[PDB]
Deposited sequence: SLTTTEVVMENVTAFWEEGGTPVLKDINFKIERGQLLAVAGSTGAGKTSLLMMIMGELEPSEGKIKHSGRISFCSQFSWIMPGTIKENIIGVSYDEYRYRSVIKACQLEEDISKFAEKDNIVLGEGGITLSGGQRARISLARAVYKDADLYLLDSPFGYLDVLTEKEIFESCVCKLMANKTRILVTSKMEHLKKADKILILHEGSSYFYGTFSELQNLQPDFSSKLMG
């Protein structure tokens, strides 16, 4: 056999010097796979993403990953400049740009404005709706040519329909061959995931496929 593992955590424990934020974490992710990371507020989901990114180092165990990371943060900031510039930053690629703005449902929002994608934003994008900031932040993350996409609750401030459609068009369709970790509140997203990690108070409550989760609970109460 030929291996294509992209990310490995082996017996990982980490502290932000008291009680562990993550303890005995084990998982692997293969190239092109979607891992859904679930769990209640404060369970350690963003801290896990931080470990992959080098911001949080393990006290015990090993993290194996090599590749470019694209991160969509919670409370993601809008920088001064146009919506386009907020999405594309440095590299111009019109085909990729169009596919991303379509998949994140920004086409209509941009088509309504006078200058279209060329309307200049302030710091924070306070003149945008919360949903608009969320979709621009996701689009920025998805547009980046990366080897690992860390999508940290990108749908939180979206209505249920908009969330469903963007999960489909963006996470599932546009990003089908991309190694993705999605931190998500939804059972529907767990069903479509290649793997699921449920965290609870810093440790793994469940790791496995959706069939395996189905065979079991707490998860049924925790998800929307």
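Residues 17-18, 219-220 of the deposited sequence have no C-alpha coordinates in the model.
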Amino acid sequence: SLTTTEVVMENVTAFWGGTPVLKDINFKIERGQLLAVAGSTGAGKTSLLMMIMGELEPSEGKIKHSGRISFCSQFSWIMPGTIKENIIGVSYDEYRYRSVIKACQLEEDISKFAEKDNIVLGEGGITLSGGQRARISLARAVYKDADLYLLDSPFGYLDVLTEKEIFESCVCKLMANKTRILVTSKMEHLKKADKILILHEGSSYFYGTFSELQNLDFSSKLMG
From here on, numbers count along this sequence of modelled residues.
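Between two forms, the rigid core is the largest collection of C-alphas that superpose within 1.5 Å.
Of the two segments 153-161 and 172-180, the one whose CA positions lie farther from the displayed form in 7 other deposited structures of this protein, once all are superposed on the rigid core, is 153-161. After a core fit, the C-alpha atoms in 7 other deposited structures of this protein lie farther on average from the shown form in one of 118-126 and 67-75, namely 118-126. The deposited model assigns a higher average Cα B-factor to 189-197 than to the other stretch when 189-197 and 35-43 are compared.
When the C-alpha B-factors of 175-183 and 55-63 are averaged, 55-63 comes out higher. Annotation for residue 213: CA B-factor lies in the highest third of the chain's modelled residues. Per the PDB record, residue ranking by Cα B-factor puts residue 92 in the highest third of the chain. In the PDB entry, a CA B factor belonging to the highest third of its chain's modelled residues is recorded for residue 121. Annotation for residue 161: CA B-factor lies in the highest third of the chain's modelled residues. Ranked against the other modelled residues of its chain, the C-alpha B-factor of residue 101 as given in the entry falls in the middle third.
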